[PDB]
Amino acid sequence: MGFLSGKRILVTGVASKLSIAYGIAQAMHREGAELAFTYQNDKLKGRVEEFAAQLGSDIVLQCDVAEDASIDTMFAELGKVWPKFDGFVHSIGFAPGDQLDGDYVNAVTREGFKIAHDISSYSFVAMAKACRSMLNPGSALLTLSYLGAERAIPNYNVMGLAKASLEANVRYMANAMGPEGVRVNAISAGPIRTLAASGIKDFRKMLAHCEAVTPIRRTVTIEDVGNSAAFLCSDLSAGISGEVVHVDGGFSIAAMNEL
């Protein structure tokens, strides 16, 4: 049996076979986890139901984390089949597209800031609030961050602030929920060509740069991220909580490799 046997894990954020959440789901399934899936809106319904069935799952529930009621209804439905479960993968990041091009100070707005932080940071702890009493001891929560939290990256703009808020959220959630038996961590992934790359100019040349200066001399895949994610939601990682694990091939720890 895999190292996720006996675990029930909810996975958010599967939008396509390219999604980081899809790679996480595949690895967790390979390691024996029973999975449940959410989807943002009705456009993704049929599609996520198909990915879920491939991964042994009947449990496919609508959840728009902009709305407290949607989160509450989704966990009420999940509780009909999983009265308790062992944690969830938060793989949800969003800012209005106009925020992510151009000079940051000119591009950012109060509303773009509000949405980026609400959807990409608040929603992680919103989900934890709503399922807190359903978690078993040994449970693990996981979210996905990016180096733009720690460094100023061109065009990433207000998403960098939202990810910095999210990484702090990881620490405060880990500190609050640890005593009752829940761990909370993040993977800071290197850039991956997913739907989150849509309309981001210079994304090809950006991946080429990472490929050149990353110590392992390739960019990471959703399979790399999936394997680390399965570890971090498994009991193998029982000694890790509140941690942001860089799964970017070492990109963040080198400088001036370009020359």
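Take the two forms, superpose them, and find the largest set of C-alpha atoms that agree within 1.5 Å; that set is the rigid core. Note that residue numbering begins at 1 and tracks the sequence as displayed.
- The stretch that moves more in 5 other deposited structures of this protein, judged by CA deviation after a rigid core superposition and choosing between 185-193 and 120-128, is 185-193.
- Notably, residue 200 is an intermittent gap: at least a third of the other compared entries of this protein, restricted to those modelling both its neighbours, have no coordinates for it.
- Stretches 108-116 and 72-80 differ in mean C-alpha B factor, with the higher average recorded for 72-80.
- 23-31 and 47-55 differ in mean CA B-factor, and the higher of the two is recorded for 47-55.
- In this structure the maximum Cα B-factor among 233, 192, 65, 213 is found at 213.
- Remark: residue 241 belongs to the lowest third of its chain, ranked by C-alpha B-factor as recorded.
- Among the modelled residues of its chain, residue 150 has a C-alpha B-factor that falls in the lowest third according to the deposited record.
- Sort the modelled residues of the chain by CA B factor and residue 179 lands in the middle third.
- Ranked within its chain, residue 167 lands in the lowest third, by CA B factor from the PDB record.
- Per-chain ranking of the deposited C-alpha B factor places residue 253 in the lowest third.
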